[PDB]
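Spelled out, the chains give:
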Protein chains: 2
Amino acid sequence: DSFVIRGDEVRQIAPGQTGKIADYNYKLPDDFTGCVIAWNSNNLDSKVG
Amino acid sequence: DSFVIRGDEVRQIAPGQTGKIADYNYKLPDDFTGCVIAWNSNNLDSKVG
């Protein structure tokens with residue numbers, strides 16, 4: 001799975017965690033087997049304006 | 001004249017200013033006829049690690 005979120009909302013990508021992303025955007029199962037790999041993408045996704 | 005500095009040192013690139021960049025690195029004359037251009041390069045010059 002792949003998506004883009006802000007830095008404060010990275011922690012909501014976790015099993016048994018709440019937030020805007022967990023409730024409304026992306027919910028992990030409470031018993032989840034896998035890896036959450038998040039890296040900063042200022043150079044690729046930001047632009048002036 | 002092209003160089004890379006910090007964000008907080010951008011205000012030191014001006015005629016008649018003080019600081020580390022103005023005293024030790026790049027000094028602008030008081031009788032300056034010209035333009036100062038400064039753009040953010042977090043995308044291209046910065047690197048994680």
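Residues numbered from 1 in each chain as written, not as in the entry; some residues may be left out. Chains lettered and ligands numbered in written order. Part of a larger assembly, values for the part shown. Heavy atoms only, no water.

Per the deposited record, determination of this structure is attributed to cryo-EM, with the resolution reported as 3.62 Å.

As annotated in the PDB entry, chain A is Spike glycoprotein from Severe acute respiratory syndrome coronavirus 2.

1. A closer look at the environment of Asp8(A)
Residue and element names in this part refer to chain A. Its place among the elements puts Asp-8 in the segment before α1 (20-25). A residue is classified by how much of its surface remains accessible, and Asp-8, at 54% relative accessible area, is exposed. Among the polar contacts listed, one links the side chain of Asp-8 to the side chain of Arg-6, at a separation of 2.7 Å. (Helix = DSSP H or I, 4+ residues; strand = E, 2+ residues; numbered from the N terminus. Buried < 20%, exposed > 50% of the residue type's maximum accessible area, 1.4 Å probe, protein only. Polar contact = N/O pair within 3.5 Å; in protein donor to acceptor, adjacent residues only side chain to side chain.)

2. Focus: the packing of aromatic side chains
One pair of aromatic rings is described through two measures. These are the centre distance and the angle between the planes. Residue and element names in this part refer to chain A. With the rule as written, the count across this model stands at 2 aromatic pairs over all chains. Both rings, one in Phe-3 and one in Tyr-26, keep their centres 4.8 Å apart while their planes meet at 55 degrees; by these two values the pair is tilted. Of this pair, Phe-3 sits in the segment before α1 while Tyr-26 sits in the loop between α1 and α2 (42-45); the two residues are 23 residues apart in sequence, bridging distant segments of the chain. On the basis of relative accessibility, which here comes to 41%, the residue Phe-3 falls in the partly exposed class. (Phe/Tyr/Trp six-rings, centres within 6.5 Å; stacked < 30°, edge-to-face > 60°.)

3. What about the pattern of salt bridges?
Residue and element names in this part refer to chain A. Applying the stated criterion across every chain yields a total of 3 salt bridges over all chains. Between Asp-8 and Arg-6 there is a salt bridge, and its shortest N-O distance comes to 2.7 Å. A cluster of three or more residues bridged by salt bridges with shared partners is formed by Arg-6, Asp-8 and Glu-9. (Salt bridge = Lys/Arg side-chain N within 4 Å of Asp/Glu carboxyl O.)

4. Remarks on a nonpolar patch on the surface
Together, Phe3(A), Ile5(A) and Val10(A) give the surface a local cluster of nonpolar side chains, amounting to about 220 Å² of exposed area. Residue placement: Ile5(A) occurs in the segment before α1. (Patch = residues over 30% accessible without salt bridge, like charges linked within 9 Å, V, L, I, M, F, W, Y side chains within 5 Å. Areas by Shrake-Rupley, 256 points an atom, 1.4 Å probe, with all protein chains shown as cover.)

5. Overview of the side chain of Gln12(A)
Summarising the element assignment, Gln12(A) is placed in the segment before α1. Excluding its chain neighbours within four sequence positions, the residues that come into contact with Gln12(A) are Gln17(A), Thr18(A), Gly19(A), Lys20(A), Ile21(A) and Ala22(A). (Contact = heavy atoms within 4.5 Å.)

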